[PDB]
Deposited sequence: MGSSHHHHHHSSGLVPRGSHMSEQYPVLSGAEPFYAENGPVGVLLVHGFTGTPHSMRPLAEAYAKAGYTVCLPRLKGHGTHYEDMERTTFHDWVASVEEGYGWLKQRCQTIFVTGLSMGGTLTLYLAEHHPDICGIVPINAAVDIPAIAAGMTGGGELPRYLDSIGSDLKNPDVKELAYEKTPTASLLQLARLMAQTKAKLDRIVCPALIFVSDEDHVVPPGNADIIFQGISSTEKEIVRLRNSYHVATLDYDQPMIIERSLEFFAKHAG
């Protein structure tokens, strides 16, 4: 039931108690809080209360991850949402890749969320269905800047890919439940999540305030990539406008 490996250095969750407006930040599949930490730190510095959880089975070992289901990942984010709810009158959610999937999922089940900022969020990855081994060699970090050292698992359990697929299917099916304002980031040259996902989301949600922001200087892991500053800056403008 519980993780058998210790939390990796750099993968620790981040909390900051500040003002009555809160931001939940969700990292991606096989990733860790590291991928979201510069965003989380920038938002805390700006006065927002911040919750950046570590998804169960993540930031330890891929053998731990293999033992989890998507319900465990949903639970980590529901717990972080709960933490903010006990402290904040206004709550926004943002996330990278599956973190974006989970941002959408949370907004589909909680109408009180005041806005979402999905970043290369994933609701359909046809490569999963197309593609044996218990663990796949993880693909290198899809980052335009080669100097960044993303903290992510070096192997991906195939059983976990199935979990990701089911989560995405449920999330995609319920997109029309979302009505809160949406700021949707997409890397034109995302080599992991097809960029058309941004439009599945834009068209699928029922929100009246929505836009897509195309990032032209980043690959998949945009939160750590050259476009990081713009992600942070526009996200802060978004939070202020809707708080």
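Gaps between the deposited sequence and the modelled coordinates occur at 1-20, 152-157, 270, listed in sequence order.
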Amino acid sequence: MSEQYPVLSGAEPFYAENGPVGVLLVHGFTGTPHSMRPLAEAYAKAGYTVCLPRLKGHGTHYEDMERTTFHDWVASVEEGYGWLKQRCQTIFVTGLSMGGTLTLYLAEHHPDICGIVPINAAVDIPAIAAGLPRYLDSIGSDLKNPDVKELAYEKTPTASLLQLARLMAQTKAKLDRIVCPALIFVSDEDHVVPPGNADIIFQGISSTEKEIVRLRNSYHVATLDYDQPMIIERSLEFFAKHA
From here on, numbers count along this sequence of modelled residues.
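Throughout, rigid core stands for the largest set of C-alpha atoms superposing within 1.5 Å between the two forms.
The segment moving more, judged by mean Cα distance from this form in 5 other deposited structures of this protein after a core overlay, is 138-146 among 138-146 and 68-76. Superposition on the core shows that, in 5 other deposited structures of this protein, the C-alpha atoms drift more in one of 115-123 and 148-156; this is 148-156. Between the stretches 218-226 and 6-14, it is 6-14 that shows the larger average CA temperature factor.
The mean Cα B-factor in the deposited entry runs higher for 154-162 than for the other of 116-124 and 154-162.
As recorded in the entry, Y135 carries the highest CA temperature factor of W73, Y135, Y105, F92.
Ranked against the other modelled residues of its chain, the C-alpha B-factor of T208 as given in the entry falls in the highest third.
In this PDB entry, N145 carries a Cα temperature factor that places it within the middle third of its chain's modelled residues. Among the modelled residues of its chain, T101 has a C-alpha B-factor that falls in the lowest third, as given in the PDB entry. In this PDB entry, the Cα temperature factor of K45 sits in the top third of its chain's modelled residues, the highest group. In the deposited entry, the Cα temperature factor of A130 sits in the top third of values across the chain's modelled residues.
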